[PDB]
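Given as structure tokens, the chain that follows is alone and in the form deposited in one PDB entry.
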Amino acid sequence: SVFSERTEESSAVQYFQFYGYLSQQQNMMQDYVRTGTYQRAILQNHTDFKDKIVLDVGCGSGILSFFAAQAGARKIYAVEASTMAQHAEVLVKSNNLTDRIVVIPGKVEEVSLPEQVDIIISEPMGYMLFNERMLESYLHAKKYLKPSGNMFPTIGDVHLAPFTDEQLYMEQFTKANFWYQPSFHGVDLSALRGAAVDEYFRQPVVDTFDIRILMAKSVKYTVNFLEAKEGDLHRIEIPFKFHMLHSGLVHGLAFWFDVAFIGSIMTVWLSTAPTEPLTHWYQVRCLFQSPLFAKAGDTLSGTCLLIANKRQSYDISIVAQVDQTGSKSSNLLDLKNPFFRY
């Protein structure tokens, strides 16, 4: 299938084992901003669901399919590849919805549905939006979408902005500096210090922060899920030009995302911005191994390049320069091994 061809079996097994736990479904359901905003998007756009056919891509416990049923959907196909599919079926029976929600075990790339659908719903967003490569399964599912069918969420906006955080930078350097020791119990570790620095600075930092660390207005990159094809997400090139509002050391770029559910009645936004209430996605920071000085009024420009790998994640390349001085930082990050600093 398209899933098995893009994914190492090793990563798939670990991935679906992780989402098979009730504890993990619970952790996600308990994010009230997430769960409540999804419910509001669906119920306030009830005409997008009333008497319609729905596909729920990666239904987990089934929660979004239940929201679609509350809104009046005639039929909901709820596709789930983990062992969570069994638990979903139990809930569908106990809530007396066997006439309306049909659980289909397996990958959305591999199952068959009996008809085309009016609307696809999913929660495909990972850290930095793109982690887990679930957006590809979501877009793949458009093969089941009727012409003029909708998608919930409809669009996704990635936001980036430069930040200053000397304490964060020093924490990572202090950890890597372990490998500087010429006599760790009599052993010289120092030939590995560069490799250690590289490894620590490859880790995106998942945590929240005060907005005052941000040194310019964010730049926005938009993915339209109605129009994008799966293959568009193999290589994601995000150019940026920041106009610096404060003078200081730029220690890296901070990332967050918003999704919009563009319904017939209204548009509802789920935001993971640092100006908004906290979610279990937090925000994500990519540190530069050498920070860059910029004065207010300068321009920081470059590219964030995300390259999809077979471990259901991305190799990230970030190149940034201060245009007025030619000072450059080039960084590689490994989105599969984040540092959960919260």
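For every residue, the number given is its place in the sequence shown, counted from 1. Only the largest set of C-alpha atoms that superpose within 1.5 Å between the two forms is called the rigid core. Residues that one form lacks are left out of the comparison.
J.: Is the mean CA B factor in the deposited entry higher across 178-186 or across 261-269?
T.: It is 178-186.
J.: Taking the mean of the C-alpha B-factors per stretch from the entry, tell me the winner out of 86-94 and 200-208.
T.: The entry gives the higher C-alpha B-factor average to 200-208.
J.: By the CA temperature factor listed in this entry, which of these ranks top: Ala78, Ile155, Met244, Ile121?
T.: Of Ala78, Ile155, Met244, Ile121, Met244 has the highest C-alpha B-factor.
J.: Select one of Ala296, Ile42, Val284, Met29: the residue whose C-alpha shows the highest B-factor in the crystal structure entry.
T.: Among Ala296, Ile42, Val284, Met29, the highest C-alpha B-factor in the entry belongs to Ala296.
J.: Quick one: classify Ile307 as lowest, middle or highest third of the chain based on its Cα B-factor.
T.: Middle third of the chain for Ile307's C-alpha B-factor.
J.: Once the chain's modelled residues are ordered by C-alpha B factor and cut into thirds, is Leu300 in the lowest, middle or highest one?
T.: It falls in the middle third of the chain.
J.: Among all modelled residues of this chain, ranked by Cα B factor, put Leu22 in the bottom, middle or top third, i.e. lowest, middle or highest.
T.: Tercile = lowest for this residue's CA B-factor.
J.: Looking at the temperature factor on the CA atom of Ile63, which third of the chain's modelled residues does it land in?
T.: Its C-alpha B-factor belongs to the lowest third of this chain's values.
J.: Is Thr37 in the lowest, middle or highest third of its chain when residues are ranked by C-alpha B-factor?
T.: For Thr37, the deposited C-alpha B-factor lands in the lowest third.
Although it is not shown, the form deposited in another entry is what the next lines describe.
J.: Looking between this form and the one not shown after fitting on the rigid core, I'd like to know which of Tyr169, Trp179, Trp269, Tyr221 has a C-alpha displacement of 2 Å or more.
T.: After core superposition, the one over threshold is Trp179.
J.: Would you say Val111 moves its Cα by 2 Å or more between this form and the one not shown, aligning on the core?
T.: Where the cores coincide, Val111 shows only a C-alpha shift between this form and the one not shown that is less than 2 Å.
J.: With both forms fitted on the core, give yes or no for whether the Cα of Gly194 moves by 2 angstroms or more between this form and the one not shown.
T.: Yes; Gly194 is a residue whose C-alpha shifts (by 2 Å or more) between this form and the one not shown when the cores are overlaid.
J.: I need the moving stretches between this form and the one not shown: superpose on the rigid core, then report runs of 3+ consecutive residues where each CA shifts by 2 Å or more, in sequence order.
T.: 176-186, 188-195 are the stretches that move between this form and the one not shown.
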